[PDB]
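Single chain ahead, by itself, as structure tokens, in the form deposited in one PDB entry.
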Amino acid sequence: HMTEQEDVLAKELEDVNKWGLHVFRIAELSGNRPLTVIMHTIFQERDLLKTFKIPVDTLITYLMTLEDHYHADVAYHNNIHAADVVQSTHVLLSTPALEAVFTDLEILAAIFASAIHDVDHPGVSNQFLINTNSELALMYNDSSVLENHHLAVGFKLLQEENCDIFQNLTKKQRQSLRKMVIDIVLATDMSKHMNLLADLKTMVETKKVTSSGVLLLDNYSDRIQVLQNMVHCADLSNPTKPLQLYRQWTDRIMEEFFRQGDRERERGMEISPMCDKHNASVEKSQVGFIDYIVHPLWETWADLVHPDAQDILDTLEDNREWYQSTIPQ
């Protein structure tokens, strides 16, 4: 048996409540199982195994199969990105503006949704699967193709031998969870982003708070909408992390994009924007990504949970300043 100083994985896992968790280091030290150990740590930390009577060996067995179904040959959409979205949602769930707001079931749904939200991603976009007449695009009628697929795989895996982590939820619990999880993952579809954000701004206009700053969320509609946006912000959280995490995420999305561009090229198709290795502006793309998508979203979020997300918003403008100012790589 090892000493505290020796068990470097447990040591890193103590940072699970922090924005800026060294998730790549956790991936390396867990033997490429970041999703499994991070999910397990989060479930213990939130006392979710006890609350829903999830048997630990059932949780581990489900986590392993789910993690097995992220592709390790995909540079960005893989188990490490899933672990990062899970961990980022976990931190956002604990912002003071949201203190005691969500039930345990809603917390389960948000973390479970984050965990499966990209399962079995092939490293190519919805648009590429539509344009190449893939079996998934045919199956799903060109509409939210991957996000529909992530949901169906994440639920189906629950039926494997000893994988049903929801076996002791009541029928009604399982039905509400399912509903919430579907609503959250479908909302990760980037073609939904402009309306999601437009409607988030609208609900922030008429938000109600207790005198001590806690949000009041009285109904399903308002509750689910915060959770959809929360997970979406978690998904789009790379540029708000410490620069050295951020840069690694940027190298991985570019590598994945370039590989799609190469498939397009050998298939004789037009190369999609930002997917051409011979014609790339990595830094300018990040500045555009931040100016057009990431900052508008995080500014509205910070409004919703004011002043909780101020440091996140400062880091984001800093990283934007850095990508804007650097000498190209």
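One rule holds for the numbers: they count along the sequence shown, beginning at 1. Whichever C-alpha set is largest while still superposing within 1.5 Å between the two forms counts as the rigid core.
Note that the form deposited in another entry isn't included here; everything after this is about it.
A 2 Å or larger CA shift between the shown form and the other one, after fitting on the rigid core, occurs at just one of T103, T210, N133, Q175, namely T210. Residue displacement note: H278 has its CA displaced by at least 2 Å between the shown form and the other one (rigid core superposed).
Comparing the forms between the shown form and the other one, the C-alpha position of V56 differs by less than 2 angstroms, with the core used for superposition.
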